[PDB]
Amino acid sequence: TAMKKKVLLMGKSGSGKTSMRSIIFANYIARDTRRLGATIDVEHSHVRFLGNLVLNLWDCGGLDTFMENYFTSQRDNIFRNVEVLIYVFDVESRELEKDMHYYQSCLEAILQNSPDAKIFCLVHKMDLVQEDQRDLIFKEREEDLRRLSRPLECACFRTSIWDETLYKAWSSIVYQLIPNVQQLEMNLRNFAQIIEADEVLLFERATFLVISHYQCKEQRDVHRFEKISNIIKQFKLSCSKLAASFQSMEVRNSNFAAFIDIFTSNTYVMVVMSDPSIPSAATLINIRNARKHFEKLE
């Protein structure tokens, strides 16, 4: 017994669906995505996430012919028992009015077969828009996406494979699928207060997606969860390509100490300390002692 969740990944052909999945779940780098083939029909992928959750990912080829089957002969197969629809939009697309009809047909099949399904819209490839225009273009599309989403709420995100914004969107999606995710946020709150950290992030070991975080004093970079996921993920891939697997990191300067370490068999942790009268030894023995306790949960 681990909760199996059906995620649909859908959008016009070439919008970046497989590209995203190959970066978050398959250890690709953005450059490598240029070699991916068009996806024929649906490509099923089973992601063991934390070992109480399996993500049944449905990467649905976006060719016109494929979509037309998804609305007709395969309607039941596609749109039944769906927890999450992630819908991808190419910001560079010429065919907006045709992109909308394909999106709205997915919403209509989702409203008939899985109404309590969670809709995410990804306004994707924002690296090809000029940076002064990005916030402008995303607000316009979000507003349109929420009107055209009829009785349903969508949550929109502006994504690129070339930065942290992809980690922001997929962190957000997976947070909504994790079982007793508030139970975990408390158990981490506990650890953080006892160990006396300024901040503690918990990460899924394979994806390096943030699943839990504790702070005290609101910090300046609200976008920092994604940036860390991205920075460390990239280093993990350099470690296996260039030497061997990453195991641990210690970073310091005169203002902070940061510890990154294996935690449960299914997670990494990052502890941040603003150096009081705490030895290194006390923090290390607390991190070890807290493994058996988080181990239980999974």
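In case it trips you up, residue 1 is the first one in the sequence shown, and so on.
Of the two segments, 216-224 and 126-134, the one listed with the higher mean B-factor is 216-224 (C-alpha atoms only). Stretches compared: 174-182, 85-93. Higher mean C-alpha B-factor in the entry: 174-182. Among the modelled residues of the chain, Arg48 sits in the highest third by CA temperature factor in this PDB entry.
Annotation for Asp198: CA B-factor lies in the middle third of the chain's modelled residues.
Sorting the modelled residues of the chain by their CA temperature factor places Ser73 in the highest third. Among the modelled residues of its chain, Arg158 has a C-alpha B-factor that falls in the lowest third according to the deposited record. For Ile119, the recorded CA B-factor ranks within the middle third of the chain. Only modelled residues enter the ranking.
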